[PDB]
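Data first, discussion second: the structure below is written as structure tokens.
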Amino acid sequence: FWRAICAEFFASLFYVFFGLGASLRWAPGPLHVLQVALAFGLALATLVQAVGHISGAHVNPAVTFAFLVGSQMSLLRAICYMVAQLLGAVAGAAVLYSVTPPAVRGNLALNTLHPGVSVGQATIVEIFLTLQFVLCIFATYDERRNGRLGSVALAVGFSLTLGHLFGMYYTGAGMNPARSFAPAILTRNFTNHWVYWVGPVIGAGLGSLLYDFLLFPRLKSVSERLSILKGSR
Amino acid sequence: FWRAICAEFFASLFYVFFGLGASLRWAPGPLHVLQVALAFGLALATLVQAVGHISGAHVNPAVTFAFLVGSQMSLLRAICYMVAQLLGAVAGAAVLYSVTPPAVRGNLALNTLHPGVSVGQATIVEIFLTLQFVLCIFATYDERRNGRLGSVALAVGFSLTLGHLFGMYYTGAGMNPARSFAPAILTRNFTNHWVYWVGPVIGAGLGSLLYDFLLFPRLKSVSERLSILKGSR
Amino acid sequence: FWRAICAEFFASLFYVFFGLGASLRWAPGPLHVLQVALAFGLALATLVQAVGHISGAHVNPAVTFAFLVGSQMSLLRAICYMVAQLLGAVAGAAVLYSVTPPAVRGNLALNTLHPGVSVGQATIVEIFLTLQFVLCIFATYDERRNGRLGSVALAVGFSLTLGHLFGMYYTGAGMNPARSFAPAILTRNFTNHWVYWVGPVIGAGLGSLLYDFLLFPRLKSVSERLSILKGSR
Amino acid sequence: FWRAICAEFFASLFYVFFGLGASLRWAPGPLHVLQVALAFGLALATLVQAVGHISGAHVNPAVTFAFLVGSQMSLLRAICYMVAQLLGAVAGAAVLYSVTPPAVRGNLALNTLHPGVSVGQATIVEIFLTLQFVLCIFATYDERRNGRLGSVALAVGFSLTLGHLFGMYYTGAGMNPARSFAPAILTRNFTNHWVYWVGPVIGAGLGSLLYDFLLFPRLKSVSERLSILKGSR
Amino acid sequence: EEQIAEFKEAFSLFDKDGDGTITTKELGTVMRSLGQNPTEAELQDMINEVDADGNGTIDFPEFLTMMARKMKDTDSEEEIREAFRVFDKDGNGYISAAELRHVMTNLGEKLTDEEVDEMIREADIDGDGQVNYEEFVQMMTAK
Amino acid sequence: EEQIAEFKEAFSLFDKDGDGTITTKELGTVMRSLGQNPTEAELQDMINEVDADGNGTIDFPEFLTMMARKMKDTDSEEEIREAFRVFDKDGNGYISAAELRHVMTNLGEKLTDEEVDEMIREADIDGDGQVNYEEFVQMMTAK
Ligand SMILES: [Ca+2]
Ligand SMILES: [Ca+2]
Ligand SMILES: [Ca+2]
Ligand SMILES: [Ca+2]
Ligand SMILES: [Ca+2]
Ligand SMILES: [Ca+2]
Ligand SMILES: [Ca+2]
Ligand SMILES: [Ca+2]
């Protein structure tokens, strides 16, 4: 349980460290977006391969929340996961700052809304981004399906990439409270930050819902859970 | 059956929402194409992972049509699928419009022909695009093959990406009536729209045919199974 | 056997049609290369998924040659495969020409050497390109290995992409006689064409050699061959 | 054992040949990075598919070192592997030089630090790059996990791509002593070269440690196996 | 008569509430006090997999049916011993750690001995490295 | 005595060259006349999988060992009938098309009946849809 917590901590540090790091600079969006979308996507696919078998590789409070309301983890693990993810992100952002030249640092890729995008619109965008994202996670993590899944780590990563390919122009694509938080608390700037917690969380909730439950073919959700009684009985 | 209909509805909304959304703006084609090609491809790969096990993830009237003439679904499911896909697309395009700033809205990525491309040429292009696409879907969905397929969701998605990498310069790449329809009915512009129903539909029909009316091997395949039988004697 | 010949014919038409089509235009190389490299790669990955289980998806004389000297196909199939691939390519190039606006047609993406690259250097480049390519094909097609291969269609496709990411600046990356031939015979331009047959062929030969044989760790190449006697005895 | 040594030799030649070759030129970083990141990533994914089953496809002294301190290979193999990788790289760089036009040769993509990046910061960057890289290798090579891994060759390759997407701006991303060495010894320039041995080596060491000197679970894992046992009773 | 006291307190530990049944609702309470909040539906599925009434209410004797007979079929102690012999390749009253890994790997799960060792010497009475009948019941009835 | 003429001409068809042996070299010639050019090494592997001498020279009687006894062990006609009973789940002298697909799918190859049907009514004598003993030998000895 504590190995998984460490997994979530290191994966979040790496995720944020590489995601933010690859986002430093500018552009109008053209190749900037493609590159940042791929960096985050590949950072996730990499980390999900790295620690997915150890903790499920949530590296995202919204994703963990999704799994909580989905009743796949305890209220205890969830909170520890989010704690590990939040400190993990901050550290990665920190280590990133320490090794990156100023001028290039900018606002450490702080998630930001586009001037012509209202915070309400931006929150709906963040919701759809996280919704398709979580939906892909639930469907691909689902033990009750496919032998033609290929790598679920890549699927999930490419889902994240998709979220960025679309979302960056609108909100820089948060899809992850922890990833938005890290840049926020280190630059002392929480302008519109509410968008980056609310959207993913609601989107994550809708995805978990839209998909759920581990009903009605059931079966390994039942046997994975009779052993959770036998280890407690 | 109704879960699958909902799958096709949500997947089409997401597909169109993210595909169109990532297509907003301009360019000559250079990185614009790469980015939009990837967005659609990854949107599909994502959705095929998300609901492929639930409805087959058609999210495309032409693809559903392909499966109909291929005799893999009932005339009833097909129509319900297309209905769900058409309303699904329109909704995604709608929700997209609602959260996107004007000026950036353009014509909501309405499929459009290139000035130097005749509607006849454009229809042949759309046919080849959908043909290789459907062919990839049939071959990868085919239960009678491969254990080295990897993710069929990605295969299909990358097939869609390929269609865009080539087609966008010609017709903006429709490959999906529903995806072309959505932008059309919301911008009240059906100029050349016939191309985006006819090409995919014919291409989808040719792919379904080319694959199952090739008809199947047989004899090298049989000797490859007697080989595994004496590989056990 | 004739289904496979048709597979090789259609796959070569599609391969060339989409590869050449996505290569029309210019650039210095920057995003042009990335895009064309991906188009060919994804065209192959798509086609290998589409007809790989039916004919092995060679869609490349050099690849078929590789399999011949590798003793995995008969002298009869090889020639029929190459015939199908050559006519297949020409047709795709033809159909491409017919639907593409002039001015954009250029020289139909004819493989061409870079001014500062000697034909000898260009031939060595084409050799290395095809060598890593064929090596990837042999290793991934090899039944004697991996359960962690993922999609061999993508592997092969990405190998082709790699060949382009590197080679396009030098020779436009041929890696396939048929793909070079098609643009050649339709534009009546065989300047340096020898490079595009010799390099891939030698590279293909070296790859087949470098890898070979189907001993060690033997077994299934003996079993997949005793039934080639039993179907002939 | 000697086949594997040859594998490491050829894979390193190919790896460096294609990686360096695709890196020749300039840019600010925009599409240059994306392209070079993909080239290296796909070169690795290709080579890991090509010889991963034969030698484990280390093609990287730091990776081999990682496996040594991880106690998965003998001190003898490791050294032979690194010897093969170093000569392999030099050869690929050599053959690359021989077929590449001057002016384009530059410094043969010699790993280089960014002016505003201290050698200490650059070494920490190289450490994180190699750390996530090795961590992905260990996790994906680990026989004790996943049936949803997909291609581990691609995972590893995309991890390398991620390292480049982030690192190139800082250090050109070495992540591989042999790959840094080759350009170094042929251009007679070892300025800051220490960074490219120390970072990867330490990062590789930390990854090997972080993964196996995490130490392993136990109890949740056991409960998830008693789950499949009562899933059969 | 020590089994009649052990099969009292190994039920009393879960029936603090006196009514003489383990219900799906208290399978929710124990998990809620342990800081979870399950789905409620898949408490019925895991219990009706054994439940003789189909009822989701596992009374004083039916809890001992659930741990020592493991079916809906009155005296399945011999069906526990033939369910041992489906896993064995001899039938010596004892399921080896190796025999458990044989039948698990027969479903294609390519796993290790070290994550079955932790679920034999969680309760192993004779130390031997196989699992006897009374050990198997007590390895689901720790007290 | 019709089997003694059938087991003459079903060898004569491959021994046009008179020396009384089917060799690895003529396994190369027949494939070369049919417009192939095999590797030569894996002619030894496929034959020493059965060859009683280990030799790569399958003389007049040893060719009938290779088609009717199928081991290096003198009178394996009963080992053909127990190799039928490894594939059967009854042993009635007859391997069903269904029993062949059962044992093939037991290795995890999830295939179809239609690509075993193309290799039973290639020689099926009684039409029935199973494979008897003399049918199995003649389905490797077509003449
Ligand atoms: Ca009670
Ligand atoms: Ca009761
Ligand atoms: Ca036993
Ligand atoms: Ca014991
Ligand atoms: Ca003779
Ligand atoms: Ca003899
Ligand atoms: Ca039978
Ligand atoms: Ca019969």
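If you're wondering about the labels, chains in the structure tokens are A, B, ... by order shown, residues count from 1 in each chain, ligands from 1 in order shown.
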Requested in this report: Show me which residues sit within 6 Å of ligand 7 when counting only C-alpha atoms and all ligand atoms, and put them as JSON, numbers by chain.
Outcome: {"F": [88, 89, 90, 91, 92, 94, 95, 96]}
Selected residues, N, CA, C and O atoms, written as a compact mmCIF listing (two decimals), in the first residue's frame, please.
# COMPACT_ATOMS: atom_id res chain seq x y z
N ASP F 88 -8.94 -37.61 -28.61
CA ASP F 88 -10.29 -38.02 -28.23
C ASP F 88 -10.63 -37.64 -26.80
O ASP F 88 -9.75 -37.58 -25.94
N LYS F 89 -11.93 -37.65 -26.45
CA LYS F 89 -12.38 -37.75 -25.05
C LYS F 89 -13.28 -38.97 -24.79
O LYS F 89 -14.04 -38.96 -23.84
N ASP F 90 -13.10 -40.03 -25.58
CA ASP F 90 -13.78 -41.32 -25.44
C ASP F 90 -12.88 -42.52 -25.83
O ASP F 90 -12.59 -43.36 -24.99
N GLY F 91 -12.27 -42.49 -27.02
CA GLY F 91 -11.38 -43.52 -27.54
C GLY F 91 -12.00 -44.49 -28.55
O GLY F 91 -11.42 -45.55 -28.78
N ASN F 92 -13.16 -44.17 -29.15
CA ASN F 92 -13.94 -45.01 -30.08
C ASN F 92 -13.26 -45.37 -31.43
O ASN F 92 -13.97 -45.53 -32.43
N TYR F 94 -12.05 -43.30 -33.49
CA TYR F 94 -12.40 -42.23 -34.41
C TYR F 94 -12.16 -40.84 -33.78
O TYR F 94 -12.90 -40.44 -32.87
N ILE F 95 -11.26 -40.03 -34.34
CA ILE F 95 -11.09 -38.63 -33.91
C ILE F 95 -12.10 -37.73 -34.64
O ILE F 95 -11.96 -37.48 -35.83
N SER F 96 -13.13 -37.23 -33.95
CA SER F 96 -14.04 -36.23 -34.53
C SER F 96 -13.30 -34.96 -34.98
O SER F 96 -12.48 -34.44 -34.22
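Overlaying the C-alpha atoms of chain E on those of chain F by least squares yields an RMSD of 0.1 Å.
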Requested in this report: Considering only C-alpha atoms, extract the chain A residues located within 9 Å of chain C and return them as a ChimeraX atom specification.
Outcome: /A:31,150-151
Output of the above residues as a compact mmCIF listing (two decimals), in the first residue's frame, restricted to C-alpha atoms:
# COMPACT_ATOMS: atom_id res chain seq x y z
CA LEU A 31 3.64 22.70 -33.35
CA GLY A 150 -2.79 -3.49 -26.84
CA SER A 151 -1.05 -1.21 -24.34
Requested in this report: Pick out the residues sitting within 12 Å of residue 135 (chain A), and hand them over as a count of residues only; count only C-alpha atoms, and ignore anything fewer than 2 positions along from it in its own chain.
Outcome: 41
Query - Selection as a ChimeraX atom specification: residues within 7 Å of ligand 8 by only C-alpha atoms and all ligand atoms - result: /F:124-132,135
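Once chain A is fitted onto chain C using all Cα atoms matched in sequence order, the root-mean-square deviation is 0.2 Å.
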Query raised in the report: Hey, what does DSSP flag as alpha helix (DSSP H) within region 34-226 of chain C? Can you give it to me as a PyMOL selection string?
Result: chain C and resi 34-55+61-69+75-99+119-141+152-171+177-187+195-211+220-226
Could those residues be written to a file, using C-alpha atoms, as a compact mmCIF listing (two decimals), in the first residue's frame?
# COMPACT_ATOMS: atom_id res chain seq x y z
CA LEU C 34 7.50 14.30 -40.02
CA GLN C 35 4.23 14.27 -41.93
CA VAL C 36 5.40 12.18 -44.88
CA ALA C 37 7.30 9.83 -42.57
CA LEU C 38 4.13 9.29 -40.55
CA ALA C 39 1.91 8.94 -43.61
CA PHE C 40 4.02 6.14 -45.09
CA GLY C 41 4.48 4.51 -41.68
CA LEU C 42 0.78 4.62 -40.88
CA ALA C 43 -0.12 3.58 -44.43
CA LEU C 44 2.02 0.47 -43.93
CA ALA C 45 0.84 -0.25 -40.36
CA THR C 46 -2.70 0.09 -41.68
CA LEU C 47 -2.13 -2.22 -44.65
CA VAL C 48 -0.17 -4.77 -42.59
CA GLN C 49 -3.18 -4.96 -40.25
CA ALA C 50 -5.51 -5.08 -43.26
CA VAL C 51 -3.81 -7.87 -45.23
CA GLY C 52 -0.89 -9.07 -43.11
CA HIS C 53 -2.77 -12.21 -42.10
CA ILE C 54 -3.66 -12.84 -45.75
CA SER C 55 -0.37 -12.38 -47.59
CA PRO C 61 9.56 -6.08 -53.85
CA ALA C 62 12.62 -5.64 -51.65
CA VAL C 63 10.70 -7.06 -48.68
CA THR C 64 9.46 -9.99 -50.79
CA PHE C 65 13.01 -10.51 -52.04
CA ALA C 66 14.12 -10.53 -48.43
CA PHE C 67 11.64 -13.32 -47.74
CA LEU C 68 12.77 -15.24 -50.82
CA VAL C 69 16.48 -15.41 -49.98
CA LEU C 75 10.19 -18.37 -56.27
CA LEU C 76 6.71 -18.44 -57.80
CA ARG C 77 4.93 -16.47 -55.07
CA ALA C 78 7.75 -13.93 -54.87
CA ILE C 79 7.54 -13.06 -58.55
CA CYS C 80 3.74 -12.96 -58.48
CA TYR C 81 3.97 -10.76 -55.37
CA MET C 82 6.38 -8.35 -57.05
CA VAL C 83 4.26 -8.31 -60.19
CA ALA C 84 1.19 -7.50 -58.11
CA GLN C 85 3.16 -4.88 -56.15
CA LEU C 86 4.55 -3.18 -59.26
CA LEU C 87 1.19 -3.01 -61.04
CA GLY C 88 -0.40 -2.16 -57.70
CA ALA C 89 1.92 0.79 -57.18
CA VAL C 90 1.54 2.08 -60.75
CA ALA C 91 -2.24 1.94 -60.39
CA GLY C 92 -2.22 3.80 -57.08
CA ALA C 93 0.09 6.40 -58.57
CA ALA C 94 -2.25 6.51 -61.56
CA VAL C 95 -5.44 6.91 -59.54
CA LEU C 96 -3.56 9.48 -57.46
CA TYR C 97 -2.68 11.49 -60.56
CA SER C 98 -6.27 11.33 -61.79
CA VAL C 99 -7.71 12.82 -58.62
CA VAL C 119 24.62 8.08 -55.92
CA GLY C 120 27.02 5.79 -54.07
CA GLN C 121 26.29 7.44 -50.74
CA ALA C 122 22.58 7.44 -51.55
CA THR C 123 22.70 3.72 -52.26
CA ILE C 124 24.36 3.05 -48.91
CA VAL C 125 21.68 5.14 -47.24
CA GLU C 126 18.92 3.23 -49.02
CA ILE C 127 20.66 0.03 -47.91
CA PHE C 128 20.69 0.99 -44.23
CA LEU C 129 17.08 2.22 -44.45
CA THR C 130 15.85 -1.05 -45.90
CA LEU C 131 18.17 -3.08 -43.69
CA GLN C 132 16.76 -1.86 -40.36
CA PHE C 133 13.34 -2.05 -41.98
CA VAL C 134 13.63 -5.68 -43.09
CA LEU C 135 15.34 -6.60 -39.85
CA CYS C 136 12.29 -5.27 -38.00
CA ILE C 137 9.98 -7.19 -40.31
CA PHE C 138 11.83 -10.49 -39.88
CA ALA C 139 12.15 -10.12 -36.12
CA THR C 140 8.48 -9.13 -35.66
CA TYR C 141 7.06 -11.68 -38.10
CA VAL C 152 3.73 -5.88 -35.42
CA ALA C 153 1.90 -3.79 -38.04
CA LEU C 154 2.72 -0.60 -36.08
CA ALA C 155 6.28 -1.73 -35.37
CA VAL C 156 6.89 -2.26 -39.06
CA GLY C 157 5.10 0.98 -39.92
CA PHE C 158 7.13 2.97 -37.40
CA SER C 159 10.28 1.36 -38.78
CA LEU C 160 9.26 2.74 -42.19
CA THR C 161 8.59 6.12 -40.54
CA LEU C 162 12.07 6.02 -38.99
CA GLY C 163 13.54 5.29 -42.42
CA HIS C 164 11.82 8.42 -43.73
CA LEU C 165 12.61 10.64 -40.75
CA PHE C 166 16.27 10.00 -41.55
CA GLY C 167 16.34 9.25 -45.27
CA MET C 168 14.03 11.79 -46.91
CA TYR C 169 16.72 14.51 -46.75
CA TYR C 170 19.14 12.20 -48.56
CA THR C 171 17.09 10.25 -51.06
CA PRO C 177 11.34 -0.45 -55.50
CA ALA C 178 7.63 -0.52 -56.33
CA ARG C 179 7.05 2.79 -54.57
CA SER C 180 9.97 4.37 -56.44
CA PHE C 181 9.02 2.69 -59.73
CA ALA C 182 5.42 3.97 -59.85
CA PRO C 183 6.38 7.69 -59.81
CA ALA C 184 9.22 6.87 -62.20
CA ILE C 185 7.33 5.16 -65.01
CA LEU C 186 4.51 7.71 -64.91
CA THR C 187 6.75 10.77 -65.07
CA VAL C 195 19.60 3.62 -56.41
CA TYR C 196 16.00 2.78 -55.49
CA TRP C 197 16.20 -0.86 -56.57
CA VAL C 198 19.77 -1.63 -55.56
CA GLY C 199 19.78 -0.09 -52.10
CA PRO C 200 16.54 -1.69 -50.83
CA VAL C 201 17.35 -5.00 -52.48
CA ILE C 202 20.83 -5.15 -51.00
CA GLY C 203 19.60 -3.78 -47.68
CA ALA C 204 16.75 -6.29 -47.72
CA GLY C 205 19.26 -9.04 -48.46
CA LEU C 206 21.57 -7.96 -45.66
CA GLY C 207 18.68 -7.77 -43.20
CA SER C 208 17.44 -11.24 -44.08
CA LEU C 209 21.00 -12.46 -43.78
CA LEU C 210 21.93 -10.52 -40.65
CA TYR C 211 18.88 -11.99 -38.93
CA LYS C 220 7.70 -23.84 -35.95
CA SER C 221 9.61 -23.31 -39.27
CA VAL C 222 9.95 -27.16 -39.29
CA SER C 223 6.25 -27.69 -38.42
CA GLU C 224 4.97 -24.97 -40.91
CA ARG C 225 6.86 -26.91 -43.62
CA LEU C 226 6.06 -30.60 -42.93
At a cut-off of 7 Å, which residues of chain E touch chain A? Count only C-alpha atoms and give the answer as a CSV table (one decimal) with N, CA, C and O atoms, in the first residue's frame.
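Now in part_20.csv:
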chain,number,residue,atom,x,y,z
E,35,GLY,N,-13.2,2.5,7.0
E,35,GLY,CA,-12.9,3.7,6.2
E,35,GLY,C,-13.0,3.4,4.7
E,35,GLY,O,-12.3,4.1,3.9
E,36,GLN,N,-13.9,2.5,4.3
E,36,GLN,CA,-14.3,2.3,2.9
E,36,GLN,C,-15.8,2.8,2.7
E,36,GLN,O,-16.4,3.3,3.7
E,37,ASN,N,-16.3,2.8,1.5
E,37,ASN,CA,-17.7,2.9,1.2
E,37,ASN,C,-18.1,2.1,0.0
E,37,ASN,O,-18.0,2.7,-1.1
E,38,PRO,N,-18.1,0.7,0.0
E,38,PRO,CA,-18.4,-0.1,-1.1
E,38,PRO,C,-19.6,0.3,-2.0
E,38,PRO,O,-20.5,0.9,-1.5
E,39,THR,N,-19.7,-0.2,-3.2
E,39,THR,CA,-21.0,-0.5,-3.8
E,39,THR,C,-21.8,-1.5,-2.9
E,39,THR,O,-21.2,-2.4,-2.4
E,42,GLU,N,-22.7,-5.8,-5.1
E,42,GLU,CA,-21.7,-6.8,-5.1
E,42,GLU,C,-21.4,-7.4,-3.7
E,42,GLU,O,-20.3,-8.0,-3.5
E,45,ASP,N,-23.8,-10.6,-4.7
E,45,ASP,CA,-23.1,-11.5,-5.7
E,45,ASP,C,-22.1,-12.5,-5.0
E,45,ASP,O,-22.3,-13.7,-5.1
E,46,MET,N,-21.2,-11.9,-4.2
E,46,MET,CA,-20.2,-12.7,-3.5
E,46,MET,C,-20.7,-13.7,-2.4
E,46,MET,O,-20.0,-14.6,-2.0
E,140,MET,N,-9.7,-19.7,6.6
E,140,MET,CA,-10.8,-18.7,6.3
E,140,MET,C,-11.6,-18.4,7.6
E,140,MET,O,-12.6,-17.7,7.5
**Report entry** Neighbour list for residue 22 (chain E) as number ranges by chain, cut-off 10 Å, only C-alpha atoms, skip fewer than 5 positions in-chain
**Finding:** E: 11-12, 14-17, 27, 56-60, 62-63
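The spacing separating atom 1 (Ca, counted along the ligand's line) of ligand 1 from CA of residue 34 (chain E) amounts to 18.0 Å.
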Show me which bits of chain F are within 12 Å of chain E, counting only C-alpha atoms, as a short mmCIF file (atom, residue, chain, number, x, y, z; two decimals) with C-alpha atoms, in the first residue's frame.
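As a result, result.cif now contains:
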data_model
loop_
_atom_site.label_atom_id
_atom_site.label_comp_id
_atom_site.auth_asym_id
_atom_site.auth_seq_id
_atom_site.Cartn_x
_atom_site.Cartn_y
_atom_site.Cartn_z
CA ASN F 106 -6.54 -26.21 -25.72
CA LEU F 107 -3.19 -24.63 -26.88
CA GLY F 108 -5.08 -21.25 -27.08
#
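In this structure, CA of residue 175 (chain B) sits 24.6 Å away from CA of residue 33 (chain C).
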Requested in this report: Quote the spacing between CA of residue 22 (chain B) and CA of residue 189 (chain A) in Å to one decimal place.
Outcome: 27.9 Å
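Every residue of region 77-132 of chain E found in strand (DSSP E) when DSSP is run on the backbone appears here: residues 95, 96, 130 and 131 of chain E.
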For region 5-7 of chain F, list every protein, DNA or RNA residue within 10 Å, evaluated using only C-alpha atoms, and leave out those in the same chain fewer than 6 positions away; present the list as a PDB file with N, CA, C and O atoms, in the first residue's frame.
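Saved the output as out.pdb:
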ATOM      1  N   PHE F  60      12.726 -48.022 -48.217  1.00  0.00           N
ATOM      2  CA  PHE F  60      11.427 -48.641 -48.548  1.00  0.00           C
ATOM      3  C   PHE F  60      10.514 -48.993 -47.346  1.00  0.00           C
ATOM      4  O   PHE F  60       9.381 -48.511 -47.326  1.00  0.00           O
ATOM      5  N   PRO F  61      10.967 -49.749 -46.320  1.00  0.00           N
ATOM      6  CA  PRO F  61      10.149 -50.023 -45.134  1.00  0.00           C
ATOM      7  C   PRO F  61      10.060 -48.837 -44.162  1.00  0.00           C
ATOM      8  O   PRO F  61       8.986 -48.567 -43.638  1.00  0.00           O
ATOM      9  N   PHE F  63       9.975 -45.629 -44.817  1.00  0.00           N
ATOM     10  CA  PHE F  63       8.917 -44.735 -45.302  1.00  0.00           C
ATOM     11  C   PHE F  63       7.525 -45.164 -44.827  1.00  0.00           C
ATOM     12  O   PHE F  63       6.712 -44.317 -44.466  1.00  0.00           O
ATOM     13  N   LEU F  64       7.280 -46.471 -44.716  1.00  0.00           N
ATOM     14  CA  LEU F  64       6.034 -47.018 -44.182  1.00  0.00           C
ATOM     15  C   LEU F  64       5.994 -46.950 -42.641  1.00  0.00           C
ATOM     16  O   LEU F  64       4.985 -46.480 -42.115  1.00  0.00           O
ATOM     17  N   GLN F 138      -4.027 -43.245 -44.851  1.00  0.00           N
ATOM     18  CA  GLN F 138      -4.324 -42.922 -46.251  1.00  0.00           C
ATOM     19  C   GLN F 138      -4.458 -41.409 -46.505  1.00  0.00           C
ATOM     20  O   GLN F 138      -3.935 -40.901 -47.494  1.00  0.00           O
ATOM     21  N   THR F 141      -1.067 -40.638 -47.308  1.00  0.00           N
ATOM     22  CA  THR F 141      -0.638 -41.602 -48.338  1.00  0.00           C
ATOM     23  C   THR F 141      -1.644 -41.620 -49.502  1.00  0.00           C
ATOM     24  O   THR F 141      -2.162 -42.662 -49.890  1.00  0.00           O
ATOM     25  N   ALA F 142      -2.049 -40.433 -49.964  1.00  0.00           N
ATOM     26  CA  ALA F 142      -2.941 -40.304 -51.114  1.00  0.00           C
ATOM     27  C   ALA F 142      -2.260 -40.850 -52.386  1.00  0.00           C
ATOM     28  O   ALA F 142      -1.096 -40.541 -52.645  1.00  0.00           O
ATOM     29  N   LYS F 143      -2.995 -41.626 -53.193  1.00  0.00           N
ATOM     30  CA  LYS F 143      -2.485 -42.250 -54.424  1.00  0.00           C
ATOM     31  C   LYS F 143      -3.609 -42.491 -55.425  1.00  0.00           C
ATOM     32  O   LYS F 143      -3.271 -42.442 -56.623  1.00  0.00           O
TER      33      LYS F 143
END
